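Protein chains in written order, with the deposited numbering: chain A, 41 to 274; chain B, 41 to 274. In this text, a Cβ means the ideal position worked out from N, Cα and C, and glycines have one as well. As structure tokens, the structure follows; a few thoughts come after it.
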């Protein structure tokens, strides 16, 4: 990280857990039902992985992640009674959430600092649509917005890390990946990137354990974007 | 136009003529010679687009616009008596100016104001790296940077404007094209965009004339970005 930092978004920068469980509470109660939004979040994400692997395994073909979440919702709604009462336009509204995820309280100030010293960009699996709307809404400054949609792929596919470099015009040794997911940081480190870990102990909500162990290949390890800004001289 | 705005960059938002003629005027000073930076500019932009046209046709493998300008520089430099004295690091410098184009005075505040009411992004023909770099340099605020290198093409190719709708999630009638070039707005309007024309009479410097007539098919017609912000109520 001597010229540009690339920031994973979901979990790393934004709280999808709180977003689905709180906004979904406004959705449920207003339709007269109560839903287990903690379970729904899980089945939706897991149903998004498996529906992504198949997208990465090569049999099921590429679609924007906004379309992946929306088809995943039809699968998991079928394992809830109330899912049947939601029409197709109800589920569009429910799916819209992923373009609305909430920042962690350190994301905006640490993004602002770092960009005062660096080129900053997203490198996320979300849609460009969602990631653009997530940053505008949450006031997150970025010099640019890149997602895996632009290469029709998915991290940890090297096509995706190459796009970071190509779109900013730098060598790997000049870039650093910022993610709370260690798989992401290995693929980047395989490819020569510098890497920073932001520990996100509540990524998946209050009752779950996450993996926040340090690791030697980590160039930096931080509990917030602001702390990472401090170790990088911003 | 009611949800998102897209801006052409060269000519429309940044003063490339001043950039080359000023910064270019200092490049020779450091090295002890003189040139017509006006003449170089015209030849350079011209050879670039001719070579560009050989990649659109496919008769020439696709290269980045930065690579494309770097080769054009070699071709035009043959015609000037100070050319042989620029080694290839001298020319790499010279080529770095296309990522340093200076905003027009109005550009920064109008984009700051127009981003308060709409989603906004570049949609220019240059490279991502250049466009990202000019924006960060001129402190120009955008929710996202898009160029036609993201689809290995160039305006008025319809992909380029589709890619605008795809990334933001909006259809063409809620999107607006902004440019000082009429070929660009002609395409945006056939594809259902609203279109705003920005008149840039000094685009090519003092001793030239520029067609900046209004048109029936323009949705808006302004002499600055801050003027266009005023007309859109921002």
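Quiz prompt | Between the CA atoms of residue 118 of chain A and residue 94 of chain A - distance to the nearest angstrom | solution = Taking the Cα positions, residue 94 of chain A is about 20 Å away from residue 118 of chain A.
Self-check item: Residues from the segment 174-186 of chain B in contact with chain A, defined by Cβ distance under 8 Å
Solution: 175, 176, 183, 184, 185
Practice problem: Using a cut-off of 9 Å between C-beta atoms, extract the partners of residue 168 of chain B located in chain A. | Solution: In chain order: 184, 186, 206, 207, 208, 209.
Exercise. Return the CA-CA distance between residue 253 of chain B and residue 227 of chain A, expressed in angstroms with no decimal places.
Key: 53 Å
Quiz item: Alpha carbon to alpha carbon, what distance is there between residue 89 of chain B and residue 192 of chain B?
Solution: 15 Å
Quiz item: Can you list the residues of chain A that residue 159 of chain B reaches, using a CB-CB cut of under 8 Å?
Solution: 172, 173, 176
Quiz item: Below 8 Å between beta carbons: does that hold for residue 234 of chain B and residue 177 of chain B?
Solution: no
Quiz item: Any Cβ of chain B within less than 8 Å of the Cβ of residue 190 of chain A?
Solution: yes
Quiz item: What residues are listed by DSSP as bridge partners for residue 158 of chain A?
Solution: Answer by DSSP bridge pairing: none, since residue 158 of chain A is not bridged.
Practice problem: Mark residue 135 of chain B as exposed unless 16 or more other C-beta atoms lie within 10 angstroms of its C-beta, in which case mark it buried. | Solution: buried
Exercise. For residue 197 of chain B, go through chain A and note every residue whose CB falls closer than 9 Å to its CB, in chain order.
Key: By Cβ distance, chain A contributes nothing, its closest Cβ being about 16 Å from residue 197 of chain B, past 9 Å.
Practice problem: Below 8 Å on the Cβ atoms is my guess for residue 61 of chain B versus residue 81 of chain B; work out the distance and round it to an integer in Å. | Solution: Between residue 81 of chain B and residue 61 of chain B the Cβ distance is about 7 Å, and since that is below 8 Å, they are a contact.
Practice problem: To the nearest angstrom, report how far apart residue 274 of chain B and residue 156 of chain B are at their CA atoms. | Solution: 7 Å
Quiz item: Over what stretch of residues does the beta strand (DSSP E) that includes residue 237 of chain A continue unbroken?
Solution: 234-238
Quiz item: Can you tell which of B/182, B/105, B/255, B/263 has its C-alpha closest to the C-alpha of residue 44 of chain B?
Solution: B/182
Quiz item: In or out: residue 161 of chain A buried (at least 16 other Cβ within 10 Å) or exposed?
Solution: buried
Self-check item: N-terminal and C-terminal residue of the beta strand (DSSP E) that residue 187 of chain A is part of
Solution: 184-187
Quiz item: So which residues of chain A does residue 39 of chain B contact, with C-beta pairs closer than 9 Å?
Solution: Limits of chain B in this structure are 41 at one end and 274 at the other, which puts residue 39 of chain B out of reach.
Exercise. For chain A, find out if any of its Cβ atoms is closer than 8 Å to the Cβ of residue 106 of chain B; answer yes or no.
Key: yes
Quiz item: What are the start and end residues of the alpha helix (DSSP H) that includes residue 191 of chain A?
Solution: Taken as a continuous stretch (DSSP letters only), residue 191 of chain A belongs to no alpha helix (DSSP H), as it is neither H nor E.
Exercise. Starting from residue 45 of chain A, follow the beta strand (DSSP E) in both directions and report where the run begins and ends.
Key: 44-47
Exercise. For the segment 97-156 of chain A, list the alpha helix (DSSP H) runs that are entirely contained and at least 4 residues long, ordered along the chain.
Key: 105-117, 128-135
Quiz item: Excluding the five sequence neighbours on either side, which residues of its own chain have a C-beta within less than 7 Å of the C-beta of residue 142 of chain B, listed in chain order?
Solution: 54, 55, 58, 59, 178.
Quiz item: Quick one: does residue 72 of chain A have its CB under 8 Å from some CB of chain C?
Solution: In summary, chain C is missing from the structure at hand, where the protein chains are A and B.
Practice problem: With DSSP collapsed to three states, give me the class of residue 207 of chain B. | Solution: Three-state result, residue 207 of chain B: helix.
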